[PDB]
A.B. asks: 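I am attaching a structure below and will ask some questions about it afterwards.
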Amino acid sequence: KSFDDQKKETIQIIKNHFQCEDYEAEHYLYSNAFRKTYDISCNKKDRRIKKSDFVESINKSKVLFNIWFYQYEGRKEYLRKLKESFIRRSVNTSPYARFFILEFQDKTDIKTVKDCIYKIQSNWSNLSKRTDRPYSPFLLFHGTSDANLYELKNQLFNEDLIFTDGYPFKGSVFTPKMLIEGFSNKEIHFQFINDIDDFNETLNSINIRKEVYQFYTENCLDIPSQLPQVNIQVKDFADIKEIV
Amino acid sequence: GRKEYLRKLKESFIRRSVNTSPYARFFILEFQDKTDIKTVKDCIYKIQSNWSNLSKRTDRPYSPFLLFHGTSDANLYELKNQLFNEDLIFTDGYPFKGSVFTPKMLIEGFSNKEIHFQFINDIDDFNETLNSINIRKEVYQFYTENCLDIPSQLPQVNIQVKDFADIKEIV
Amino acid sequence: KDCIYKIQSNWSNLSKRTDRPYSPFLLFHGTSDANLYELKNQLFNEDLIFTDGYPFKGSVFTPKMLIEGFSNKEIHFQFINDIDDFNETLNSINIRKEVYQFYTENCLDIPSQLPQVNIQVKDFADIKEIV
Amino acid sequence: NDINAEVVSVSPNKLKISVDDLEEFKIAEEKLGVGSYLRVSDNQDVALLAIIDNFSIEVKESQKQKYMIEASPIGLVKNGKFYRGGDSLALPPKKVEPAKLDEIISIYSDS
Amino acid sequence: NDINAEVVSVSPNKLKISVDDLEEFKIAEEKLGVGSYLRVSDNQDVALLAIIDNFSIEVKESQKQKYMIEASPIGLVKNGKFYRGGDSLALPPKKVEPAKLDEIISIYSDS
C-alpha cells in the first residue's frame, strides 16, 4: 500500500500486545522492528525466518537507528523526533544523578566530542550560586584509547571546564566520593567516569534518583536494568548534540 | 646528648616561624625504602601544622610545598593515598587521571585554605612549579644520605639527620 | 576517674567558639566487666557523657556513634569496652589516629601502622600527672 | 557569557531577576528594556516567557552593581510551541536570557 | 520525605507556611499552586484544610531558600468527614502536606 496507509496499522498490533504508551511503541518498538524485518529481507540466503523469537528481539532496551526514517524526513526531524520521545524536559529540572554514556571512537574528532560536552553540561547542570541543591551530570566515554581520551580531558581543563574523575592525584585509587562531592560542587562543572570499573562502583555510592542516557553508534553496554535507561543509536557523534 | 643534637639543629638552619610570612616554603624530605610510611606521616603532619596558616581570620594564607626523593613510586603513591583518606587535602598539579603537570593547581592550592599542603612528585615538576611561583621561595632539605641539587638563586638550607624521625621535632 | 577527667579536660576541646571539636577515646584492659560497668555508671552519673557504640540494650556495636561523639560538643569522650571494639573503631575512623598507652605490667598489642607511644608507670596514680 | 541574569524571587505573577555580569552592553539597551521578552529556563527545551515590567540598576562605592529586573511570566515554550496562560511554577534560581525572534513570534502565532 | 512544609504563623483567617525542604520538585508545580489545597495537621486523623492565597520563593547566596506559602483555613476534617468552619485554631507549628483527592472531594460532599 501507500507509505501513510500502513503507519496507522503497524502500531496498534504491538500497542495492545505490550500494553505500553504511545512513545514506547511508535518510537521504541516500531523503529526496532523495522530493521529486523529488513535484516532478514536483505540477507542473501535466509529470507524467511519464523517470528517466534522476533517479539523478544525488538523488546531490547536499545532504540535502534533507522536509516529509512533518516533519509525520508532528514536529520532535522528524526533528531527532533527522538528529542521529545525520551529526552522529555520540564520547566524545573530536578537534582538527579544523570549519567551520559557517549561512544567515542578514533574517527570522531575531539572538537566534535568537545561540543557535545558543552551542550550536555549547559542543559543538565544548574551550578547557580544561589542554589541550595546544585547538580552536575556524569559523563562516560568508551571505545577509545586512553591516549585519545586523555587528550580530551586535558583540553577541557585548559578551557576552564573543571571536572572530577575520582583521581585527584597520581597513584590514587578510584574514589567514588570525589564524584559525589562534584555532583554537589558548584565549582565542578561535570564528572568524568573513566571506564566501566569506575562506572558501576559509582552507582552503589549514589542514593538519589539516577538516570542513564546512552548514545552510541554500534557498541552498547549492559547497564543494570533497574535504572531508567535511554539507549539511542545515531550515525555520527554530532547527532547526539541535537538530542540532548 | 640527643636533646642537645635536636636543639642545635632546630636553631642553626631552621627558624621557629620565619616571621609567619606567606612564602613559598619548599620542604624536600629524603624518603628511603627503609623509612616506614607512618614516620613520614608524622613529619608531614608536623610540617603542615607549623608551616601553614589556613585560619579564616587571615587574609594572606599560605601552605607548605612537599617533595620526596630516593623512594620508589609504589610506596610514594601509598603515602599519598593514605594522606587523602585522613582529610589532609593536597594537590600535585594532576587534577585528573592522564593529566599533564598543571602548576597553577599548586598556585591556587597555596592560597586555598581547604588545601592543606602541596605535593610535588619529583624533580621535573619541582623545577616547573619553581618558575610558576613568582613570590619568594625557600627550600628546606632534610636528608640522611642523598642530598638533592637546588638552584643557587633560591634560599636553601641543607640539614643532615641521623634518621627520618628526628626531622619531626626540628620543624 | 581522676585520670579520665584529666584526659578529658586536657585532650578535648568542646568549646562553642571552635568548629573542629575533638574528644579522646578511652580503652581499658586487664580488669573484669563488673568494675568496668561500675566505672562507666559513675562517670555517666556526674554528667561526663560518653558513648561506647552501644546506644541501647542488646545493640550491636555501632562505630558511627563514636564517629558522631568525636565531633559532638555535648559528648565529653568515648569509651571502648575491649579489643574487638577497638579494632573495628580504628577502621571506621578515617582521620589521623594516635594511640597513647599507659600500662604497669601488661601491654596491649597495637597495629603497627598507627603512631604508638608506650608509657610504663609505677602505678595508676602517676598517669594523671603525665597526661 | 554576554549576559548572566538569574531569577532570585518568584511571586504568583512576578519574577525578580538579578543581572550578575552584563558583559555585552548592547543587550541592556535593546533587550533588557521595559516590555522586553525574557526566556526563563534551566535548559534549551522548556522555558518560561516573561515581560519586563520594571528594572533598577543601582551602583555604589565598593559593592558590586545591583541590576534587578521585575518581570511577569506570560506563558510557556515547549520545544517550539508557546502555551498562553503562564501560571506554571519556575523554581528559582533560573538562568535568564533575552528571548529569540522565534519565541516572540510564537507567542501570537501559536495561540 | 518529598515536601517539608510547616506553619510558622497563625492569624484569625490566614496561615503562613514555610517549605523547609522540597525534594520532589513536582509537588510545587501542581500541588502547591495559587489555589491549591493543603492539609495542616500533626496527625492523619484530624486536620485543618486550607486553600493557598499567595506564595514567594526567594533565593540568595549564603542562606537557604525561603519558600513561604500564604493560606487561609476553610474547614476541618475529622476521620474523613469535612466540617466547614471559618475559624478553627491550629497551634503552630503544624506539618503541612498537599490535600489528597478524597479530601478535596470531601469539601463539597459531606456538607
Side-chain angles (χ1 to χ4, degrees), chain A residues 1-43 46-90 98 100-101 103 211-236 238-244, chain D residues 43-46 76-83 106 110, chain E residues 26:
Chain A
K1 324 240 196 71
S2 200
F3 285 136
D4 189 88
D5 205 63
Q6 289 200 246
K7 289 172 83 259
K8 74 216 101 183
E9 286 69 21
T10 312
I11 292 150
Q12 308 84 20
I13 60 143
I14 35 169
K15 180 70 148 42
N16 64 336
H17 179 34
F18 281 107
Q19 295 93 21
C20 53
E21 40 259 79
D22 60 324
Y23 93 96
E24 216 75 66
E26 166 152 339
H27 306 107
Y28 174 55
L29 293 168
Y30 175 14
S31 186
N32 307 345
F34 199 89
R35 286 206 337 162
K36 296 144 162 45
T37 293
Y38 169 100
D39 277 309
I40 54 157
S41 311
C42 84
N43 209 306
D46 190 342
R47 184 238 163 260
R48 190 48 193 226
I49 80 168
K50 270 316 277 176
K51 59 149 278 204
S52 175
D53 292 287
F54 173 76
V55 71
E56 54 104 353
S57 75
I58 62 138
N59 212 17
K60 296 293 195 40
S61 278
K62 331 186 179 345
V63 157
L64 281 313
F65 183 55
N66 264 13
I67 178 55
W68 297 106
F69 306 118
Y70 183 79
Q71 279 298 117
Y72 186 34
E73 53 288 71
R75 83 183 308 273
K76 314 297 284 322
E77 200 36 24
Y78 192 36
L79 302 185
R80 194 211 70 61
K81 190 111 157 117
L82 302 149
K83 182 172 212 351
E84 37 193 20
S85 325
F86 332 100
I87 306 275
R88 314 261 281 290
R89 287 314 279 278
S90 162
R98 278 138 188 136
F100 286 87
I101 318 187
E103 182 196 90
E211 313 194 319
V212 191
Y213 298 66
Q214 173 154 10
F215 298 92
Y216 64 82
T217 55
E218 329 86 339
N219 304 67
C220 162
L221 328 175
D222 260 333
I223 306 150
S225 320
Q226 53 283 20
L227 311 163
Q229 321 139 40
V230 170
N231 317 59
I232 291 180
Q233 174 155 350
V234 285
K235 304 212 291 173
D236 194 22
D239 313 278
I240 307 179
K241 191 199 321 327
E242 265 65 69
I243 312 167
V244 303
Chain D
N43 58 84
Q44 288 180 49
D45 293 298
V46 184
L76 210 179
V77 187
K78 284 182 221 163
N79 33 52
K81 226 209 259 163
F82 179 80
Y83 295 83
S106 94
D110 297 337
Chain E
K26 214 150 261 185

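Below, chains carry the letters A, B, ... as their sequence lines are ordered, and counting in each starts from 1. Below, all heavy atoms of this structure are taken into account, side chains as well, without hydrogens, waters or symmetry copies.
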A.B. asks: Going from CD on A:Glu24 to OG on A:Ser85, what distance comes out if it is rounded to the nearest 0.5 angstrom?
C.D. replies: 10.0 Å
A.B. asks: For A:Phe34, run the ring pair (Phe, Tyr, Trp, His ring centres under 6.0 Å) check against A:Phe65, A:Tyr28, A:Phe69, A:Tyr72 and tell me which one passes.
C.D. replies: A:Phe69
A.B. asks: Does the pair A:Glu73 and A:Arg80 meet the rule for a side chain to side chain contact (heavy atoms under 4.5 Å, CB included), with working shown?
C.D. replies: CA-CA 10 Å; A:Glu73 53 288 71; A:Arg80 194 211 70 61; over 6 Å; no
A.B. asks: Report yes or no: does A:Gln71 contribute a side-chain atom to a donor-acceptor pair with the main-chain N or O of A:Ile67 at less than 3.5 Å?
C.D. replies: no
A.B. asks: How far apart are the closest heavy atoms of A:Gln6 and A:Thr10, and which atoms are they?
C.D. replies: O-OG1, 2.9 Å
A.B. asks: Working to the nearest 0.5 angstrom, can you tell me the gap between A:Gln233 CD and A:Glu103 CD?
C.D. replies: 8.5 Å
A.B. asks: Got A:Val244 and A:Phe215 here, is their nearest side-chain heavy-atom distance under 4.5 Å?
C.D. replies: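 Yes, at least one pair of side-chain atoms sits under 4.5 Å.
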A.B. asks: Find the distance between NZ (A:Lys51) and OG1 (A:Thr37) and round it off to the nearest 0.5 Å.
C.D. replies: 10.5 Å
A.B. asks: Does some side-chain heavy atom of D:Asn79 sit less than 4.5 Å from a side-chain heavy atom of A:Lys83?
C.D. replies: no
A.B. asks: Does A:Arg75 reach the side chain of A:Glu242, with side-chain heavy atoms less than 4.5 Å apart?
C.D. replies: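 Side-chain contact under 4.5 Å: yes.
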A.B. asks: Less than 4.5 Å apart, any side-chain heavy atom of A:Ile223 and any of A:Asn231?
C.D. replies: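 Contact flag for A:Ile223/A:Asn231 side chains = yes.
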A.B. asks: Examine distances only and state if a side-chain atom of A:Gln214 and a backbone atom of A:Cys220 form a donor-acceptor pair shorter than 3.5 Å.
C.D. replies: no
A.B. asks: Any donor and acceptor pair, going by atom type alone, linking the side chain of A:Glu26 with main-chain N or O of A:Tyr23 inside 3.5 Å?
C.D. replies: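 No, because the side chain of A:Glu26 does not come within donor-acceptor range (under 3.5 Å) of the backbone of A:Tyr23.
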A.B. asks: Working to the nearest 0.5 angstrom, can you tell me the gap between A:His27 NE2 and A:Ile232 CD1?
C.D. replies: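 Between A:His27 NE2 and A:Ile232 CD1, I get 10.5 Å after rounding to 0.5 Å.
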A.B. asks: What pair of heavy atoms forms the shortest contact from A:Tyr70 to A:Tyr78, and how long is it?
C.D. replies: CD1-CD2, 4.3 Å
A.B. asks: Using modelled atom types only, decide if a donor and an acceptor are shared between the side chain of A:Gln229 and the backbone of A:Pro224 within a distance under 3.5 Å.
C.D. replies: yes
A.B. asks: Search all heavy atoms of A:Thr217 against all heavy atoms of A:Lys235 and return the closest pair with its distance.
C.D. replies: CG2-O, 3.3 Å
A.B. asks: Counting only heavy atoms from other residues, nucleotides and ligands, does the tally under 6.0 Å from CG of A:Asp222 exceed 12?
C.D. replies: no
A.B. asks: Examine distances only and state if a side-chain atom of A:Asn32 and a backbone atom of A:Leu29 form a donor-acceptor pair shorter than 3.5 Å.
C.D. replies: no
A.B. asks: Give a yes or no on whether the backbone of A:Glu84 and the side-chain of D:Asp45 come within a donor-acceptor separation of less than 3.5 Å.
C.D. replies: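 No, D:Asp45 side chain to A:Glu84 backbone: no donor-acceptor pair under 3.5 Å.
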A.B. asks: If you take all heavy atoms of A:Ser52 and A:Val55, which pair is closest and at what distance?
C.D. replies: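 It is O-CG1, 4.0 Å.
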A.B. asks: Could you give the side-chain donor-acceptor pairs of residues 56-63 of chain A under 3.5 Å, partners two or more places apart or in another chain?
C.D. replies:
| from | atom 1 | to | atom 2 | distance (Å) |
| --- | --- | --- | --- | --- |
| A:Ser57 | OG | A:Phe54 | O | 3.0 |

A.B. asks: Nearest 0.5 Å, please: how far is CG in A:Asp39 from CG in A:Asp46?
C.D. replies: 12.0 Å
A.B. asks: Determine, stepwise, if the pair A:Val234 / A:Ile243 fulfils side chain to side chain contact (heavy atoms under 4.5 Å, CB included).
C.D. replies: CA-CA 10 Å; A:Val234 285; A:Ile243 312 167; 3.8 Å; yes
A.B. asks: Should D:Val46 and D:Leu76 be marked as a side chain to side chain contact (heavy atoms under 4.5 Å, CB included) after you check the CA-CA gap, both sets of side-chain angles, and the distance that decides it?
C.D. replies: CA-CA 7 Å; D:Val46 184; D:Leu76 210 179; 3.6 Å; yes
A.B. asks: What pair of heavy atoms forms the shortest contact from A:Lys7 to A:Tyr30, and how long is it?
C.D. replies: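 Nearest heavy atoms, A:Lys7 then A:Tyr30: CG-OH, 4.2 Å.
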A.B. asks: Can a donor-acceptor pair be found, under 3.5 Å and without considering hydrogens, that links the side chain of A:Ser31 to the backbone of A:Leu64?
C.D. replies: yes
A.B. asks: Between A:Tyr213 and A:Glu211, do the side chains contain an N or O donor and an N or O acceptor separated by less than 3.5 Å?
C.D. replies: yes
A.B. asks: Looking at every heavy atom in both A:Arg98 and A:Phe100, which two are closest together, and how far apart are they?
C.D. replies: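 Heavy atoms only, the tightest pair is CB-CE1, 3.8 Å.
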